[PDB]
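Trainee: I'd like to ask you about the structure that follows.
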Amino acid sequence: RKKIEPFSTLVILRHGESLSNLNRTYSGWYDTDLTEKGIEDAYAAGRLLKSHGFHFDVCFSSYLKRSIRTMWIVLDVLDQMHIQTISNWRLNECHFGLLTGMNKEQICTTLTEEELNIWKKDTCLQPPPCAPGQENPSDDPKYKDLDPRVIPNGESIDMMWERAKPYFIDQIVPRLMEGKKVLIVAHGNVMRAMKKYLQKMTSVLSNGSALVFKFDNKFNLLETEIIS
Amino acid sequence: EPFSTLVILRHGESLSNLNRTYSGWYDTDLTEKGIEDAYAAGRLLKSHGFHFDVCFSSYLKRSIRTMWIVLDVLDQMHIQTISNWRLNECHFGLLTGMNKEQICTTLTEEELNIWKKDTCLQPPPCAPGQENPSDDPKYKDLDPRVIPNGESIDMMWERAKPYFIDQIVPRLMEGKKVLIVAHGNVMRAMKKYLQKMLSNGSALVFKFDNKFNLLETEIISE
Amino acid sequence: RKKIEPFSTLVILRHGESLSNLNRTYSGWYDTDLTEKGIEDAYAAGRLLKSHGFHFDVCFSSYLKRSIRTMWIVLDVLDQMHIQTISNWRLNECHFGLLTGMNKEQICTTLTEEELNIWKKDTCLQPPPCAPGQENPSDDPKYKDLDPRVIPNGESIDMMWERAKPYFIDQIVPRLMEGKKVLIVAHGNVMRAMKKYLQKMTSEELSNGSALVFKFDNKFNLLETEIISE
Amino acid sequence: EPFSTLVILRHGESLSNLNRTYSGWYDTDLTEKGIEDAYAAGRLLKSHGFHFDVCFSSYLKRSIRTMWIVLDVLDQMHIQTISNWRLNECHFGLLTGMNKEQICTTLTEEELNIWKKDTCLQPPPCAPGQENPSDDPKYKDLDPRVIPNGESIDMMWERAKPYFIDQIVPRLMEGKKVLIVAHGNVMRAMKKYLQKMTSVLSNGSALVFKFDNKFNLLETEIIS
Ligand SMILES: [Cl-]
């Protein structure tokens, strides 16, 4: 009982629990690391992909440690620590600007009722920038070589996707056109934007699930499979 | 001397330009004068002593051939060259292949004025039965969704900018000297971007320090 | 106060204790992992580089887990988990062929007294290939895309360096010539061969946990070799 | 059709070849006939329908220019090109710039016979006061220790082989179609390597190697 393989395959996996997520504060570009539970989340994701027989040619991550660490753990489980890995800031979560580090109570104080509803249901609401005196995650040395004009300071989800999309088109798509299997360890908002883009959707997945996109040699999407 | 240097150079006369039709992505090649324009551009850069670590071009032949000629004059045929569609001229859609009179018949008085003076007017897409330059096999591996069909200058820059930021800026931050052989609209958009805002045969020279501050913009000519 | 910096810098680290090392068997390409102590060796090496202020533009490892895992830990300590990393089989330890997995007693049985002395003091003695029925580490799926003719089966140290040298020249030197700071997490024999090549030492002429620092000018002249330790 | 394809082409007439002197790394350029050789070679590949994913050349101008002309004929000027010194012709050292008569004066009777019949004779290095082609600024970023000065054909292949294994084989394993514009000695060494020959084609022919997904050589076709 064997199944015919696709020409190319894209697997998108979400990173596990970060310390900010556990403390219920917004992180965005704040470089919060995995908790012990988040490390176990990464081991579980690696075992999920191994049980489906995935062998990847390349793995992508954001510049954020919770994504990079998840990638390393997953590749460790898959016995693929040797494969090419690529990290880039354009796969980063939204930069939340002023909202960086806020909890639920501070969000409700900062946003009007109407703004909060748009913030939850839509993708177009842009947070304001980091305040004077607020530690801004993008002042990190890891960003020292980027064009300063391009560094975001308060991003809606739409704006995040406008700067992630060129990276997806210029780095991930060409590898899929070569017939490769590509893994991406990703933030939730980025994963959902990529899913919407590929399926051509218009404007909620169980924790620990992965998305499997299968393509033919003309980059037609043949199937989207959820594995868990 | 500066920490890094970017030289931008425009390609020379194309056959469409000589016949006074609009090309956009239409893959028109250099005329005899366009070839001599490239040799003269090479001699201008050689007289200023430029030695480049890398050269960029668009996916369009008039840009690629100019790069090859320039590098030949500079005795740098061996350096790395990179061509990419994101540096292409605007895709003119319906206006592709039209001459000046056809542009007026197709565009109203207001549309033609904004098309001439501004950057925001988007031409309509190619008509049915019109040869679309993006159907070229050289674009067969691009994400089908990203291929344009009718672009304003603003739209062209929105897809060229990520390439400039991701391929050009990192090399300048490494201290390299970078050459770009570009189309007029792309060169003007890059200049406007870098300066936070030219006579034929001229070249733009951008000098940067190690924080990527623009120290000077020099126009060199013969 | 401050010292004038070199144009480019190459730091070479050795990986820490592997399980084969703890059990006193030769590994070579056998993909033995770090022990708990080897993991702590990697954290300590990271702290060493952190106290000397190193910020690398790129890090290289072999295809062997014990080297890759050491690289990951060191970059974690350095807060450089985002930097580019490159792994390649040409930085692998010698493929020990038949000697793979042997302990001291089996080595002494297999080699003559003359052969053993040359084995310890020289770099030219080549082991035989893996025997029939012996598990060969190169049959690992991670090597499936290599040219089958290039895969070694029993290497002397000289032979190891003959296939590592082109990688050093084609991938590390060009980045040093760009002015970059390069980290290599290496195997002991590979580190020693690189040191010999760079210093122009003869075949005639570091404590555990030490690192080698090579400093170069823009013509790739070796300006200094510094040994650093805690 | 095969999983992957390698085409190797030799560059056309250089000025040194026309003058019957040995160039090696001497950076002699194509003649007007040599440029026509490149156009002819391009038309040969076009008539067989080749569409390449990438093209390789040496750092020598006669190889680079041939690559550019061939890609012009193929309507593939946009494809990725890679040039590298490891695909260079032998560095002839002292023999650089010499003609047939001078090589007789320099080499003994035995040495000249080894030079013509075998691949193992290493020429001596460039003489004092002899302009060395490796002093070219295009080589300024190489490890100075690696630069040759007098290379037998065997030595040339020892430094070209790792480039073939590390750059060309992985792309053939990816299922790509690869073009190499090469020098005769380099082309012959690659052919011997791929066919496993032990240690005679028209000037304008091309070699076509067809492979399956395990990198088994299914067939070698000569087109002219
Ligand atoms: Cl050596």
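Naming scheme: A, B, ... for chains in displayed order of the structure tokens; residues 1 onward per chain; ligands 1 onward as shown.
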Could you give me, as a list in words, every polymer residue with an atom at most 8 Å away from an atom of ligand 1, counting only C-alpha atoms and all ligand atoms?
Mentor: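 The neighbouring residues of ligand 1 are, in order, residues 161, 162, 165 and 197 of chain C.
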Trainee: Just write the chosen residues, N, CA, C and O atoms, as a PDB file, in the first residue's frame.
Mentor:
ATOM      1  N   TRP C 161      42.902  15.222   4.727  1.00  0.00           N
ATOM      2  CA  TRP C 161      43.191  16.616   4.416  1.00  0.00           C
ATOM      3  C   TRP C 161      43.149  16.880   2.916  1.00  0.00           C
ATOM      4  O   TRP C 161      42.816  17.990   2.502  1.00  0.00           O
ATOM      5  N   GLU C 162      43.475  15.890   2.082  1.00  0.00           N
ATOM      6  CA  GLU C 162      43.420  16.132   0.642  1.00  0.00           C
ATOM      7  C   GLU C 162      41.996  16.378   0.156  1.00  0.00           C
ATOM      8  O   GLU C 162      41.805  17.055  -0.859  1.00  0.00           O
ATOM      9  N   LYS C 165      40.904  20.008   2.141  1.00  0.00           N
ATOM     10  CA  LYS C 165      41.604  21.216   1.710  1.00  0.00           C
ATOM     11  C   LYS C 165      40.835  21.977   0.642  1.00  0.00           C
ATOM     12  O   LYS C 165      40.683  23.202   0.783  1.00  0.00           O
ATOM     13  N   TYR C 197      48.479  23.821   7.705  1.00  0.00           N
ATOM     14  CA  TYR C 197      48.403  24.466   6.401  1.00  0.00           C
ATOM     15  C   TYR C 197      48.576  25.978   6.512  1.00  0.00           C
ATOM     16  O   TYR C 197      49.291  26.589   5.713  1.00  0.00           O
TER      17      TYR C 197
END
Trainee: With 7 Å as the limit and counting only C-alpha atoms, what residues in chain C lie close to chain A? Please list them as a list in words.
Mentor: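 Residues of chain C within 7 Å of chain A, counting only C-alpha atoms: residues 63, 82 and 87 of chain C.
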Trainee: Determine which residues of region 45-228 of chain C DSSP labels as helix (DSSP H, G or I) from the backbone of this structure, then write them out as number ranges by chain.
Mentor: C: 45-51, 65-77, 89-91, 97-99, 104-110, 113-121, 137-139, 141-143, 148-150, 157-177, 188-199
Trainee: Between chain B and chain C, at 10 Å or less, what are the per-residue closest atom pairs and their distances in Å? Count only C-alpha atoms, order by chain and rising residue number, and return it as a tab-separated table.
Mentor:
residue	atom	partner	partner_atom	distance
B:174	CA	C:178	CA	7.6
B:175	CA	C:178	CA	8.4
B:176	CA	C:178	CA	8.7
Trainee: Near region 197-203 of chain D, within 12 Å and counting only C-alpha atoms, which residues show up once chain neighbours fewer than 3 positions away are dropped, as a PDB file with C-alpha atoms, in the first residue's frame?
Mentor:
ATOM      1  CA  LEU D   9      31.488  22.267 -25.330  1.00  0.00           C
ATOM      2  CA  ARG D  10      34.983  23.522 -26.137  1.00  0.00           C
ATOM      3  CA  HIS D  11      35.683  27.208 -26.872  1.00  0.00           C
ATOM      4  CA  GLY D  12      36.620  28.259 -30.398  1.00  0.00           C
ATOM      5  CA  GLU D  13      39.842  29.608 -31.838  1.00  0.00           C
ATOM      6  CA  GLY D  34      36.659  31.953 -32.792  1.00  0.00           C
ATOM      7  CA  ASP D  37      32.911  29.033 -33.772  1.00  0.00           C
ATOM      8  CA  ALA D  38      30.862  30.063 -30.738  1.00  0.00           C
ATOM      9  CA  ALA D  40      28.091  27.742 -34.730  1.00  0.00           C
ATOM     10  CA  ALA D  41      28.238  25.836 -31.440  1.00  0.00           C
ATOM     11  CA  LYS D 117      51.893  11.365 -25.259  1.00  0.00           C
ATOM     12  CA  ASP D 118      51.252  11.364 -21.490  1.00  0.00           C
ATOM     13  CA  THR D 119      49.513  13.545 -18.906  1.00  0.00           C
ATOM     14  CA  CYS D 120      52.149  13.436 -16.147  1.00  0.00           C
ATOM     15  CA  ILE D 153      47.424  17.583 -17.010  1.00  0.00           C
ATOM     16  CA  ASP D 154      47.222  15.245 -13.998  1.00  0.00           C
ATOM     17  CA  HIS D 183      39.095  23.810 -22.519  1.00  0.00           C
ATOM     18  CA  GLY D 184      40.019  20.656 -24.389  1.00  0.00           C
ATOM     19  CA  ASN D 185      42.177  19.159 -21.642  1.00  0.00           C
ATOM     20  CA  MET D 187      36.752  18.326 -21.199  1.00  0.00           C
ATOM     21  CA  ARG D 188      38.821  15.203 -21.862  1.00  0.00           C
ATOM     22  CA  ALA D 189      39.532  14.680 -18.151  1.00  0.00           C
ATOM     23  CA  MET D 190      35.839  14.988 -17.264  1.00  0.00           C
ATOM     24  CA  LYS D 191      34.958  12.531 -20.043  1.00  0.00           C
ATOM     25  CA  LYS D 192      37.547  10.056 -18.760  1.00  0.00           C
ATOM     26  CA  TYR D 193      36.237  10.474 -15.214  1.00  0.00           C
ATOM     27  CA  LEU D 194      32.572   9.952 -16.106  1.00  0.00           C
ATOM     28  CA  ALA D 206      29.869  18.680 -28.130  1.00  0.00           C
ATOM     29  CA  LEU D 207      29.598  15.854 -25.604  1.00  0.00           C
ATOM     30  CA  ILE D 222      28.564  13.063 -29.601  1.00  0.00           C
ATOM     31  CA  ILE D 223      26.781  15.726 -31.666  1.00  0.00           C
ATOM     32  CA  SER D 224      28.346  17.697 -34.529  1.00  0.00           C
TER      33      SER D 224
END
Trainee: Would you return as a list in words the members of region 8-222 of chain D that DSSP assigns to strand (DSSP E) on this structure's backbone?
Mentor: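 So the strand (DSSP E) residues in region 8-222 of chain D would be residues 8, 9, 10, 54, 55, 56, 57, 80, 81, 82, 83, 177, 178, 179, 180, 181, 182, 206, 207, 208, 209, 210, 211, 217, 218, 219, 220, 221 and 222 of chain D.
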Trainee: Take the residues that were just selected and, keeping N, CA and C atoms, output them as a short mmCIF file (atom, residue, chain, number, x, y, z; two decimals), in the first residue's frame.
Mentor:
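part34.cif, freshly written:
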data_model
loop_
_atom_site.label_atom_id
_atom_site.label_comp_id
_atom_site.auth_asym_id
_atom_site.auth_seq_id
_atom_site.Cartn_x
_atom_site.Cartn_y
_atom_site.Cartn_z
N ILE D 8 29.07 19.31 -22.59
CA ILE D 8 30.37 19.97 -22.54
C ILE D 8 30.75 20.39 -23.95
N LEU D 9 31.21 21.62 -24.07
CA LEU D 9 31.49 22.27 -25.33
C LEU D 9 32.90 22.82 -25.19
N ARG D 10 33.67 22.86 -26.26
CA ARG D 10 34.98 23.52 -26.14
C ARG D 10 34.91 24.90 -26.80
N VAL D 54 21.69 26.08 -15.99
CA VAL D 54 22.90 26.76 -15.52
C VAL D 54 24.02 26.47 -16.50
N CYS D 55 24.98 27.40 -16.61
CA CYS D 55 26.16 27.23 -17.45
C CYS D 55 27.41 27.58 -16.66
N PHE D 56 28.48 26.81 -16.89
CA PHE D 56 29.76 26.98 -16.21
C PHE D 56 30.83 27.35 -17.22
N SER D 57 31.82 28.10 -16.76
CA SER D 57 32.97 28.43 -17.58
C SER D 57 34.18 28.58 -16.67
N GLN D 80 21.41 31.45 -15.00
CA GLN D 80 22.56 31.60 -14.11
C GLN D 80 23.83 31.10 -14.78
N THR D 81 24.90 31.89 -14.64
CA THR D 81 26.23 31.52 -15.12
C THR D 81 27.21 31.55 -13.96
N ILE D 82 28.16 30.62 -13.98
CA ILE D 82 29.16 30.49 -12.93
C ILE D 82 30.51 30.30 -13.60
N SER D 83 31.47 31.15 -13.26
CA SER D 83 32.83 31.08 -13.76
C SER D 83 33.77 30.81 -12.58
N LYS D 177 19.70 20.33 -16.14
CA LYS D 177 20.48 20.31 -17.37
C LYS D 177 21.57 21.37 -17.27
N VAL D 178 22.82 20.93 -17.39
CA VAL D 178 23.99 21.76 -17.11
C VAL D 178 24.85 21.84 -18.37
N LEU D 179 25.31 23.05 -18.69
CA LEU D 179 26.24 23.28 -19.78
C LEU D 179 27.59 23.71 -19.20
N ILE D 180 28.67 23.19 -19.77
CA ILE D 180 30.03 23.61 -19.43
C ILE D 180 30.72 24.01 -20.72
N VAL D 181 31.26 25.22 -20.76
CA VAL D 181 32.12 25.68 -21.84
C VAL D 181 33.54 25.58 -21.31
N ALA D 182 34.33 24.68 -21.88
CA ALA D 182 35.56 24.22 -21.26
C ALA D 182 36.71 24.25 -22.25
N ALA D 206 30.25 18.58 -29.53
CA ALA D 206 29.87 18.68 -28.13
C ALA D 206 29.56 17.29 -27.59
N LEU D 207 29.88 17.09 -26.32
CA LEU D 207 29.60 15.85 -25.60
C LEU D 207 28.31 16.01 -24.82
N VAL D 208 27.47 14.97 -24.85
CA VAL D 208 26.21 14.95 -24.11
C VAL D 208 26.21 13.70 -23.24
N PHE D 209 26.16 13.88 -21.93
CA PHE D 209 26.09 12.79 -20.97
C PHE D 209 24.70 12.76 -20.36
N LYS D 210 24.06 11.60 -20.41
CA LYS D 210 22.71 11.42 -19.89
C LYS D 210 22.76 10.52 -18.66
N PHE D 211 22.05 10.92 -17.60
CA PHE D 211 22.11 10.24 -16.31
C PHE D 211 20.70 9.92 -15.82
N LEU D 217 25.46 6.75 -15.53
CA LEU D 217 25.59 7.27 -16.89
C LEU D 217 24.87 6.33 -17.84
N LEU D 218 23.71 6.75 -18.33
CA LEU D 218 22.95 5.93 -19.27
C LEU D 218 23.56 5.93 -20.66
N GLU D 219 24.17 7.03 -21.09
CA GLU D 219 24.60 7.14 -22.48
C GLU D 219 25.48 8.37 -22.66
N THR D 220 26.42 8.27 -23.60
CA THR D 220 27.22 9.40 -24.05
C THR D 220 27.04 9.57 -25.55
N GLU D 221 26.53 10.72 -25.95
CA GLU D 221 26.26 11.04 -27.34
C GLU D 221 27.17 12.17 -27.79
N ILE D 222 27.78 12.01 -28.96
CA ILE D 222 28.56 13.06 -29.60
C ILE D 222 27.71 13.68 -30.70
#
Trainee: Fewer than 4 positions away in the same chain doesn't count, so skip those; otherwise give me all residues within 10 Å of residue 140 (chain B), counting only C-alpha atoms, as a list in words.
Mentor: residues 177 and 218 of chain A; 134, 135, 136 and 144 of chain B
Trainee: Taking only C-alpha atoms into account, what are the residues of chain B at most 8 Å from chain D, put as a PDB file with N, CA, C and O atoms, in the first residue's frame?
Mentor:
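New file part_8.pdb:
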ATOM      1  N   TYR B  59      15.901  40.788 -16.157  1.00  0.00           N
ATOM      2  CA  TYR B  59      15.762  39.624 -17.025  1.00  0.00           C
ATOM      3  C   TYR B  59      15.582  39.999 -18.492  1.00  0.00           C
ATOM      4  O   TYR B  59      15.355  39.104 -19.314  1.00  0.00           O
ATOM      5  N   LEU B  60      15.681  41.280 -18.839  1.00  0.00           N
ATOM      6  CA  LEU B  60      15.462  41.748 -20.203  1.00  0.00           C
ATOM      7  C   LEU B  60      16.787  41.876 -20.952  1.00  0.00           C
ATOM      8  O   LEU B  60      17.782  42.365 -20.409  1.00  0.00           O
ATOM      9  N   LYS B  61      16.776  41.453 -22.216  1.00  0.00           N
ATOM     10  CA  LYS B  61      18.008  41.328 -22.993  1.00  0.00           C
ATOM     11  C   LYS B  61      18.736  42.657 -23.139  1.00  0.00           C
ATOM     12  O   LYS B  61      19.971  42.698 -23.118  1.00  0.00           O
ATOM     13  N   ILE B  64      20.756  42.877 -20.068  1.00  0.00           N
ATOM     14  CA  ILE B  64      21.792  41.854 -19.914  1.00  0.00           C
ATOM     15  C   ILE B  64      22.950  42.118 -20.867  1.00  0.00           C
ATOM     16  O   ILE B  64      24.121  42.042 -20.481  1.00  0.00           O
ATOM     17  N   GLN B  76      36.322  42.682 -16.575  1.00  0.00           N
ATOM     18  CA  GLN B  76      35.695  42.045 -15.429  1.00  0.00           C
ATOM     19  C   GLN B  76      34.624  41.069 -15.899  1.00  0.00           C
ATOM     20  O   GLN B  76      33.577  40.909 -15.272  1.00  0.00           O
ATOM     21  N   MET B  77      34.883  40.393 -17.020  1.00  0.00           N
ATOM     22  CA  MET B  77      33.942  39.397 -17.520  1.00  0.00           C
ATOM     23  C   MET B  77      33.800  38.214 -16.576  1.00  0.00           C
ATOM     24  O   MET B  77      32.844  37.446 -16.711  1.00  0.00           O
ATOM     25  N   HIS B  78      34.733  38.048 -15.640  1.00  0.00           N
ATOM     26  CA  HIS B  78      34.769  36.920 -14.719  1.00  0.00           C
ATOM     27  C   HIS B  78      33.977  37.148 -13.440  1.00  0.00           C
ATOM     28  O   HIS B  78      33.765  36.186 -12.693  1.00  0.00           O
ATOM     29  N   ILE B  79      33.568  38.386 -13.142  1.00  0.00           N
ATOM     30  CA  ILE B  79      32.927  38.626 -11.853  1.00  0.00           C
ATOM     31  C   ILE B  79      31.514  38.054 -11.872  1.00  0.00           C
ATOM     32  O   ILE B  79      30.938  37.759 -12.924  1.00  0.00           O
ATOM     33  N   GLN B  80      30.953  37.890 -10.677  1.00  0.00           N
ATOM     34  CA  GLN B  80      29.615  37.341 -10.555  1.00  0.00           C
ATOM     35  C   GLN B  80      28.593  38.302 -11.148  1.00  0.00           C
ATOM     36  O   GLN B  80      28.624  39.505 -10.873  1.00  0.00           O
ATOM     37  N   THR B  81      27.686  37.769 -11.957  1.00  0.00           N
ATOM     38  CA  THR B  81      26.551  38.523 -12.469  1.00  0.00           C
ATOM     39  C   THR B  81      25.267  37.863 -11.998  1.00  0.00           C
ATOM     40  O   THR B  81      25.184  36.637 -11.901  1.00  0.00           O
ATOM     41  N   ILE B  82      24.262  38.683 -11.721  1.00  0.00           N
ATOM     42  CA  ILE B  82      22.957  38.211 -11.277  1.00  0.00           C
ATOM     43  C   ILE B  82      21.900  38.955 -12.080  1.00  0.00           C
ATOM     44  O   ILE B  82      21.924  40.185 -12.147  1.00  0.00           O
ATOM     45  N   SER B  83      20.983  38.215 -12.692  1.00  0.00           N
ATOM     46  CA  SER B  83      19.841  38.788 -13.395  1.00  0.00           C
ATOM     47  C   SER B  83      18.566  38.371 -12.678  1.00  0.00           C
ATOM     48  O   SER B  83      18.460  37.232 -12.226  1.00  0.00           O
ATOM     49  N   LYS B 138      11.289  32.158 -20.210  1.00  0.00           N
ATOM     50  CA  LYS B 138      12.244  32.547 -19.179  1.00  0.00           C
ATOM     51  C   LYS B 138      11.555  32.846 -17.853  1.00  0.00           C
ATOM     52  O   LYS B 138      12.222  32.857 -16.813  1.00  0.00           O
TER      53      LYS B 138
END
Trainee: Can you build me a table of chain D residues sitting at most 9 Å from chain C, with the closest atom pair per residue and its distance in Å to one decimal, using only C-alpha atoms, sorted by chain and residue number, as CSV?
Mentor:
residue,atom,partner,partner_atom,distance
D:140,CA,C:219,CA,7.9
D:141,CA,C:177,CA,6.3
D:142,CA,C:174,CA,7.1
D:143,CA,C:169,CA,6.5
D:144,CA,C:220,CA,7.8
D:146,CA,C:169,CA,7.8
D:159,CA,C:166,CA,7.9
D:162,CA,C:166,CA,6.7
D:163,CA,C:166,CA,8.3
D:165,CA,C:147,CA,6.6
D:166,CA,C:146,CA,8.6
D:169,CA,C:147,CA,6.7
D:170,CA,C:145,CA,6.9
D:173,CA,C:145,CA,6.6
D:174,CA,C:145,CA,8.7
D:214,CA,C:145,CA,8.3
D:215,CA,C:147,CA,7.8
Trainee: Give me, as an MDAnalysis selection string, the residues of chain B touching chain A, with the criterion being at most 8 Å (counting only C-alpha atoms).
Mentor: chainID B and resid 141:143 146 159 162 165 169:170 173 212
Trainee: How about saving the chosen residues, N, CA, C and O atoms kept, as a PDB file, in the first residue's frame?
Mentor:
ATOM      1  N   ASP B 141       9.328  29.562 -14.287  1.00  0.00           N
ATOM      2  CA  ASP B 141       9.490  29.103 -12.908  1.00  0.00           C
ATOM      3  C   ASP B 141       8.978  30.092 -11.863  1.00  0.00           C
ATOM      4  O   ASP B 141       9.001  29.772 -10.668  1.00  0.00           O
ATOM      5  N   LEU B 142       8.533  31.280 -12.262  1.00  0.00           N
ATOM      6  CA  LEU B 142       8.021  32.232 -11.288  1.00  0.00           C
ATOM      7  C   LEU B 142       6.651  31.792 -10.774  1.00  0.00           C
ATOM      8  O   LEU B 142       5.887  31.122 -11.468  1.00  0.00           O
ATOM      9  N   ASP B 143       6.354  32.163  -9.533  1.00  0.00           N
ATOM     10  CA  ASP B 143       5.015  31.978  -8.994  1.00  0.00           C
ATOM     11  C   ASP B 143       4.009  32.633  -9.938  1.00  0.00           C
ATOM     12  O   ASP B 143       4.018  33.863 -10.083  1.00  0.00           O
ATOM     13  N   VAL B 146       2.463  36.133  -9.139  1.00  0.00           N
ATOM     14  CA  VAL B 146       3.220  37.370  -8.957  1.00  0.00           C
ATOM     15  C   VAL B 146       3.522  38.084 -10.267  1.00  0.00           C
ATOM     16  O   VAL B 146       3.918  39.258 -10.240  1.00  0.00           O
ATOM     17  N   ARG B 159       7.503  45.977  -6.326  1.00  0.00           N
ATOM     18  CA  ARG B 159       8.079  44.644  -6.465  1.00  0.00           C
ATOM     19  C   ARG B 159       9.583  44.664  -6.712  1.00  0.00           C
ATOM     20  O   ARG B 159      10.235  43.640  -6.490  1.00  0.00           O
ATOM     21  N   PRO B 162      11.751  45.079  -2.687  1.00  0.00           N
ATOM     22  CA  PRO B 162      12.222  43.952  -1.865  1.00  0.00           C
ATOM     23  C   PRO B 162      13.509  43.343  -2.389  1.00  0.00           C
ATOM     24  O   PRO B 162      14.357  42.913  -1.598  1.00  0.00           O
ATOM     25  N   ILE B 165      16.377  45.649  -1.392  1.00  0.00           N
ATOM     26  CA  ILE B 165      16.630  45.559   0.041  1.00  0.00           C
ATOM     27  C   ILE B 165      17.300  44.239   0.405  1.00  0.00           C
ATOM     28  O   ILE B 165      18.143  44.190   1.307  1.00  0.00           O
ATOM     29  N   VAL B 169      21.369  45.859  -0.772  1.00  0.00           N
ATOM     30  CA  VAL B 169      21.793  46.448   0.497  1.00  0.00           C
ATOM     31  C   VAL B 169      22.734  45.529   1.261  1.00  0.00           C
ATOM     32  O   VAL B 169      23.718  46.021   1.827  1.00  0.00           O
ATOM     33  N   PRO B 170      22.483  44.223   1.376  1.00  0.00           N
ATOM     34  CA  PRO B 170      23.412  43.381   2.147  1.00  0.00           C
ATOM     35  C   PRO B 170      24.819  43.376   1.586  1.00  0.00           C
ATOM     36  O   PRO B 170      25.787  43.279   2.346  1.00  0.00           O
ATOM     37  N   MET B 173      26.460  46.611   2.658  1.00  0.00           N
ATOM     38  CA  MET B 173      26.813  46.504   4.069  1.00  0.00           C
ATOM     39  C   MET B 173      28.060  45.661   4.292  1.00  0.00           C
ATOM     40  O   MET B 173      28.727  45.826   5.319  1.00  0.00           O
ATOM     41  N   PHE B 212      25.688  52.474   6.430  1.00  0.00           N
ATOM     42  CA  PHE B 212      24.807  52.649   5.276  1.00  0.00           C
ATOM     43  C   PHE B 212      24.214  54.051   5.197  1.00  0.00           C
ATOM     44  O   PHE B 212      23.129  54.244   4.643  1.00  0.00           O
TER      45      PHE B 212
END
Trainee: Show which residues sit within 12 Å of residue 102 (chain B), as a ChimeraX atom specification. Count only C-alpha atoms, and ignore same-chain residues fewer than 6 positions away.
Mentor: /B:20-22,94-96,108,112
Trainee: Could you take the residues named above and write them with N, CA, C and O atoms, as a PDB file, in the first residue's frame?
Mentor:
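Ended up saving to result04.pdb:
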ATOM      1  N   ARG B  20      10.222  54.113 -31.607  1.00  0.00           N
ATOM      2  CA  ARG B  20       9.309  54.939 -30.817  1.00  0.00           C
ATOM      3  C   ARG B  20       8.000  54.209 -30.525  1.00  0.00           C
ATOM      4  O   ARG B  20       6.903  54.762 -30.643  1.00  0.00           O
ATOM      5  N   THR B  21       8.130  52.946 -30.135  1.00  0.00           N
ATOM      6  CA  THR B  21       7.074  52.175 -29.505  1.00  0.00           C
ATOM      7  C   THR B  21       7.480  51.875 -28.068  1.00  0.00           C
ATOM      8  O   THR B  21       8.663  51.876 -27.718  1.00  0.00           O
ATOM      9  N   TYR B  22       6.480  51.637 -27.229  1.00  0.00           N
ATOM     10  CA  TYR B  22       6.714  51.304 -25.833  1.00  0.00           C
ATOM     11  C   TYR B  22       6.922  49.805 -25.716  1.00  0.00           C
ATOM     12  O   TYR B  22       6.184  49.023 -26.319  1.00  0.00           O
ATOM     13  N   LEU B  94      -1.697  46.528 -21.838  1.00  0.00           N
ATOM     14  CA  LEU B  94      -2.302  46.874 -23.122  1.00  0.00           C
ATOM     15  C   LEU B  94      -1.415  47.821 -23.923  1.00  0.00           C
ATOM     16  O   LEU B  94      -1.341  47.721 -25.155  1.00  0.00           O
ATOM     17  N   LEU B  95      -0.743  48.752 -23.247  1.00  0.00           N
ATOM     18  CA  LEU B  95       0.068  49.743 -23.944  1.00  0.00           C
ATOM     19  C   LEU B  95       1.327  49.144 -24.565  1.00  0.00           C
ATOM     20  O   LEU B  95       2.001  49.834 -25.338  1.00  0.00           O
ATOM     21  N   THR B  96       1.651  47.888 -24.258  1.00  0.00           N
ATOM     22  CA  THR B  96       2.829  47.249 -24.831  1.00  0.00           C
ATOM     23  C   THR B  96       2.760  47.259 -26.355  1.00  0.00           C
ATOM     24  O   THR B  96       1.772  46.820 -26.948  1.00  0.00           O
ATOM     25  N   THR B 108      -7.445  58.735 -22.111  1.00  0.00           N
ATOM     26  CA  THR B 108      -8.117  60.024 -22.170  1.00  0.00           C
ATOM     27  C   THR B 108      -7.099  61.145 -21.955  1.00  0.00           C
ATOM     28  O   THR B 108      -5.899  60.913 -21.790  1.00  0.00           O
ATOM     29  N   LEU B 112      -3.683  60.392 -19.925  1.00  0.00           N
ATOM     30  CA  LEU B 112      -2.396  60.595 -20.582  1.00  0.00           C
ATOM     31  C   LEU B 112      -1.529  61.577 -19.803  1.00  0.00           C
ATOM     32  O   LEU B 112      -0.303  61.420 -19.746  1.00  0.00           O
TER      33      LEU B 112
END
Trainee: Grab the CA of residue 70 (chain C) to CA of residue 14 (chain C) distance for me, in Å with one decimal place.
Mentor: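 Separation of CA of residue 70 (chain C) and CA of residue 14 (chain C): 8.7 Å.
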